[PDB]
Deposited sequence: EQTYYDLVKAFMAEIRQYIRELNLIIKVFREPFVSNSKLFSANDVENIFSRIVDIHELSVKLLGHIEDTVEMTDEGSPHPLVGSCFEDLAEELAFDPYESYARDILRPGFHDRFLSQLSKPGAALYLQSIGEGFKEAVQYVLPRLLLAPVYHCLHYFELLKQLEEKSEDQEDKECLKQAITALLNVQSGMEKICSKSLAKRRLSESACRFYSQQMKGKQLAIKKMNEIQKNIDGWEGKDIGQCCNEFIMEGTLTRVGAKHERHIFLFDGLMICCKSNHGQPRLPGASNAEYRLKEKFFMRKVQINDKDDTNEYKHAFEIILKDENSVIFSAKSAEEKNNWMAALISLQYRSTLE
């Protein structure tokens, strides 16, 4: 249902957002490691960010060519012919950096080595000195952002196929076929790397308000306005333990609300009473700080602290470090949404 031109328009918007993400990664997250030569060697940086810089250069070059092509496209053509933009680059093996990148970032021991780099002497303190939120963003959000190049390059393979099938110009079609061919090595190479179980789980990990109303409907004792009257999207739904509370609360995370409920699944109700599976306990408005907490003999491990306006802090605990990571990823992203 999409024309060749729609795909190109969609792609230009995608690569512009992507380029912005690469910039964020380079100027905001990576620059501080590069700046502290004493704490991180060239390799340390290399082991975390890989070919990120080359990929950024390739991307700006790709978008630039595509932009000129479009502007220089007269009414004589059925659609701008971008086949050549891709073919010229693929012929110079310009996409090779992505295979190397994917290999470095999706290696099985990536995260462990990443953490060791953040926990070695003076590292955590240096990251905190960069500014509020940097240490948390680096630890729980950066590893997700670092996957962006993989998603982006994988989509290229699919994009080129669709363009080839939809091209209305024989010369353009030919260029596309050639680009596809010249990229077969990079593709099978990335394919092997991405199909391994761990990588596959990681990629899957970071991959109509009917749901919002369906969720409120199933929550008893609602307070304040509707979910739709302050939220625009649904982020997460998991389980956590409130340090101090008696029962593990089920939680619905929206961009505007973190709803903490109690599960009454299967428990008896009086006739005429609500049949909703959950009971509202805490309704938190997302527009305040989020702090990380170290494990405590207090039985609470994999915990973090939420700080509300003029309210008392609340501490939650997750079932594992993996669960805590998913929550901090979403929560930290929400707190610094303006930057991210």
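Unmodelled regions (deposited sequence positions with no C-alpha coordinates, counted from 1) are 208-220, 354.
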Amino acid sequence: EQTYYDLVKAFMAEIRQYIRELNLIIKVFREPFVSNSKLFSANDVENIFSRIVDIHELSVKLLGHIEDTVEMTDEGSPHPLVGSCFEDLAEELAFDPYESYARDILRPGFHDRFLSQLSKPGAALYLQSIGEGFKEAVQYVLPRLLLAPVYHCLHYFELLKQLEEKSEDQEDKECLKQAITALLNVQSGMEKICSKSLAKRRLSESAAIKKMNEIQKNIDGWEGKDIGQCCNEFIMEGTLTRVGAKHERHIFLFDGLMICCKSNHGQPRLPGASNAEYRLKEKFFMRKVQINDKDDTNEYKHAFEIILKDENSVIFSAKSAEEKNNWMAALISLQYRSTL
From here on, numbers count along this sequence of modelled residues.
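The PDB entry records a higher mean C-alpha B factor for 304-312 than for its counterpart among 304-312 and 61-69.
154-162 and 224-232 differ in mean CA B-factor, and the higher of the two is recorded for 224-232. The residue among 298, 43, 50, 275 whose C-alpha carries the highest B-factor in the deposited model is 298. Out of 279, 288, 38, 56, it is 288 whose C-alpha atom has the highest B-factor in the PDB entry. Among the modelled residues of its chain, residue 214 has a C-alpha B-factor that falls in the highest third, as given in the PDB entry.
Annotation for residue 116: C-alpha temperature factor in the lowest third relative to the rest of the modelled chain, per the entry. Split the chain's modelled residues into thirds by C-alpha temperature factor. Residue 171 is in the middle one. When the modelled residues of the chain are ordered by their C-alpha B factor, residue 100 lands in the lowest third. Among all modelled residues in its chain, residue 181 ranks in the middle third by Cα B-factor.
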